[PDB]
Amino acid sequence: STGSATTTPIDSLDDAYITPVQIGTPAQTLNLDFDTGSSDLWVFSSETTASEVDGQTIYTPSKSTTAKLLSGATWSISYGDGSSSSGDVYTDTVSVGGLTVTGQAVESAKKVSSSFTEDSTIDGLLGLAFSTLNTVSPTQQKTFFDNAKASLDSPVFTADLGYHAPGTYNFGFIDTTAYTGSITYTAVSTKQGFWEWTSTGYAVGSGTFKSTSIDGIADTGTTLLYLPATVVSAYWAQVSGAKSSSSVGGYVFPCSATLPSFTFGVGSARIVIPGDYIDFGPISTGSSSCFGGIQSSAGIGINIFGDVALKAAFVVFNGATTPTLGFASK
């Protein structure tokens, strides 16, 4: 089997991407944030505290003839941005782009933090990291990809995120028309539960490439590119007037600037992020200070190849017995 679904930016900045997902019988379609940095499929639901729902579409398990309470199971998750959610668990039929999994754990939110409530466009998350990170207790649950894997034509999914435009998540096949050149594969460590890999270096603009190992995670659920402070300083030093602002929470730059590109290494290959992809617009409405799309990871504990980086590439998440990542230009 295969599946193919379009993923659409939630706003004009590509702050996140939503993909429609069919849950239950008859189908209830929710727009989920596919997140290769976490491993829970959770949704706003008929059980979510009413004051914490503000425009999201909800899953109502009582209206699904295939929903079953997973008795005793609870979940609770906290994300790197400080947001969180928790609740109980149903199993139900879940379909993405024509690919169907029966018995998928659908984690129903009883509580969500304010940032989720405040984003009416995201009805939940669909985790695509390794199932060892799934938070369901006392019986850990598998991700949608893990459950689908054995049925897929090939044990892979691909992320093809658009810049200010829709893109595609494919399951079970590699669309050879969706990228240019060849795909370069690189080793993955699953030791932390992430799609963790080592970039071979970087360049700023037309500058020379610096060969240096940068361990980080391919994370579709993180907006920006978070890299070591040395690398980030070298980037922003090429932008007149750019500075790190403690009050804003990162590097800002004059909105009048033209940003240089940023290149990252994948083995001997190179992925170029155009400068425009690094512009996240005014820090507040009407400001002439703009927020940068490359930020320091120094306070995170891990480097994160988020959407800014991933949307410059066609990315293969290879879930074979020994997982690997593939990157191609497009």
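Position 1 is the first residue of the sequence, and the numbers go up from there.
Linking ILVMFWY residues whenever their side-chain heavy atoms come closer than 4.5 Å, directly or via other members, places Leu13 and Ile294 in the same cluster. Linking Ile, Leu, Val, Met, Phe, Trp and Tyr residues whenever their side-chain heavy atoms come within less than 4.5 Å places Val53 and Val112 in a single cluster. Linking ILVMFWY residues whenever their side-chain heavy atoms come closer than 4.5 Å, directly or via other members, leaves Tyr163 and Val272 in distinct clusters.
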Decide yes or no on side-chain hydrogen bond (donor to acceptor under 3.5 Å, both in side chains) for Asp92 and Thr66, but give the supporting numbers first. CA-CA 6 Å; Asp92 209 340; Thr66 41; 2.6 Å; yes
Please determine whether side-chain hydrogen bond (donor to acceptor under 3.5 Å, both in side chains) holds for the pair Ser120 and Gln56, giving the CA-CA distance in whole Å, both sets of side-chain angles, and the decisive distance to 0.1 Å. CA-CA 5 Å; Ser120 69; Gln56 295 81 11; 5.9 Å; no
How far apart are the C-alpha atoms of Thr220 and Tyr17, what are their side-chain angles, what is the distance that settles it, and do they pass the side chain to side chain contact (heavy atoms under 4.5 Å, CB included) test? CA-CA 9 Å; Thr220 58; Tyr17 298 78; over 6 Å; no
Show your reasoning for whether side chain to side chain contact (heavy atoms under 4.5 Å, CB included) applies to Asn134 and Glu107. CA-CA 11 Å; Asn134 175 265; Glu107 303 174 32; 3.0 Å; yes
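Side-chain contact of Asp15 with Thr223: a donor-acceptor pair under 3.5 Å is absent, judged by distance alone. Counting only N and O atoms by type, the side chains of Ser131 and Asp146 include a donor and acceptor under 3.5 Å apart.
Applying the ring-ring contact (aromatic ring centres under 6.0 Å, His included) test between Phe130 and each of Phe194, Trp195, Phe145 identifies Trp195 as the sole match. Of the listed residues (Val96, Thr19, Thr6), just one forms a side-chain contact (heavy atoms from CB on, under 4.5 Å) with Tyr169, and that residue is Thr19. When the options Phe314, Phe264, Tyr185 are evaluated for a side-chain contact (heavy atoms from CB on, under 4.5 Å) with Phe327, the one that passes is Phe264.
Taking the six-membered ring for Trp and thresholds of 30 and 60 degrees, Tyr59 and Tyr90 have ring planes more than 60 degrees apart, a perpendicular arrangement.
Taking the six-membered ring for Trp, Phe171 and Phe144 have ring centres closer than 6.0 Å. Here the two rings, on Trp197 and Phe305, have centers that are under 6.0 Å apart.
Atoms CG and OG1, from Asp219 and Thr36 in turn, are 5.0 Å apart once rounded to the nearest 0.5 Å. Taking CG of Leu126 as the reference point, atom CH2 of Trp42 lies at 12.0 Å (rounded to 0.5 Å). How far OG1 of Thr186 is from CG of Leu325: 7.5 Å, rounded to the nearest 0.5 Å.
Here the closest heavy-atom approach between residue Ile283 and residue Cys290 is recorded as CG2-C, 4.0 Å. Of all the heavy atoms in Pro323 and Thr190, the pair that sits closest is CG-CG2, 4.1 Å.
Heavy-atom neighbours of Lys330 NZ from other residues, nucleotides or ligands within 6.0 Å: above the threshold of 12.
With hydrogens and angles ignored, the 3.5 Å screen pairs no side-chain donor or acceptor of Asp33 with any backbone N or O of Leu125. Remark: the backbone N or O of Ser108 is paired with a side-chain donor or acceptor of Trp75 at under 3.5 angstrom. Between the side chain of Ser64 and the backbone N or O of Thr25 there is at least one donor-acceptor pair closer than 3.5 Å.
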